[PDB]
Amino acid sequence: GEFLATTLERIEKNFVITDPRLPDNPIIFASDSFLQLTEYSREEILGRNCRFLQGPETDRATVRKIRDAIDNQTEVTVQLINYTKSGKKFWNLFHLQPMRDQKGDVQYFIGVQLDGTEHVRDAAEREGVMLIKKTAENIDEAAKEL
């Protein structure tokens, strides 16, 4: 009910945008597709760090890769198990990248999720990474003047 989707959030891809200037680098935008994937309402996740997607089978070494990328303000692509609101597991081929302003300073982080039933390799991995990187570039363009 609360927090009607902006045009940005109706882009037909799973993504979130966080603002590292708020304590705990919380979600400020979340696509309709992301909400369908994860089963949360937008009001339930705005202002929260994305770590709520993690659960018991999530590989914590992989989460550390993401933590390190955020702290060093660089991109990363990983695969990890995430959980919906109701506890359904999915593999997440995940890409993070910072969005920089006109002075090169990081203003937001963009995260793109490609959900699947399995850890992917070879062609499926390559095509997945192609898709989430292109999507991240599209969101970078969309978010530039937010």
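Just count from 1 along the sequence shown to find any residue number.
Visitor: If you rank the chain by CA B-factor, which third does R42 end up in: lowest, middle or highest?
Guide: As the PDB entry reports it, the C-alpha B-factor of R42 lands in the middle third of its chain.
Visitor: Taking the C-alpha B-factors as the PDB entry records them, is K103 in the lowest, middle or highest third of its chain?
Guide: For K103, whose C-alpha B-factor we compare with every modelled residue in the chain, the answer is the lowest third.
Visitor: Looking at the entry's B-factor column for C-alpha atoms only, identify whether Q97 ranks in the lowest, middle or highest third of its chain.
Guide: It falls in the top third of the chain.
Visitor: Is the Cα B-factor recorded for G116 in the lowest, middle or highest third of its chain?
Guide: Highest third.
Visitor: Sort the modelled residues of this chain by their C-alpha B factor and say whether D32 lands in the lowest, middle or highest third.
Guide: As the PDB entry reports it, the C-alpha B-factor of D32 lands in the lowest third of its chain.
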